[PDB]
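Every residue, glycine among them, receives a Cβ derived from its backbone with ideal geometry; neighbour counts consider all protein chains shown. The numbers here are math on the coordinates, done by the rules we state, and not lab data.
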Amino acid sequence: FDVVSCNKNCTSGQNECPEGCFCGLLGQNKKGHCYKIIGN
């Protein structure tokens, strides 16, 4: 497991990322940044 950013800003109630990426948003308080999981 390595984690990298996917260079996209996400918002609470929307969670916009490009497909294959997801956002580790902090309990859906306000906003976060999208990540990609790569590994085994």
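Scanning region 20-40 for residues that are of a type outside the set (A, V, I, L, M, F, W, C) and outside any strand (DSSP E or B), which turns out surrounded by the fewest Cβ atoms within 10 Å (Cβ to Cβ)?
Result: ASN40.
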Let me confirm something: among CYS6, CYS17, which residue is surrounded by 12 or more Cβ atoms within 10 Å (Cβ to Cβ), in contact with a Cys (Cβ under 9 Å, 6 or more places away or on another chain) and in a strand (DSSP E or B)? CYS6
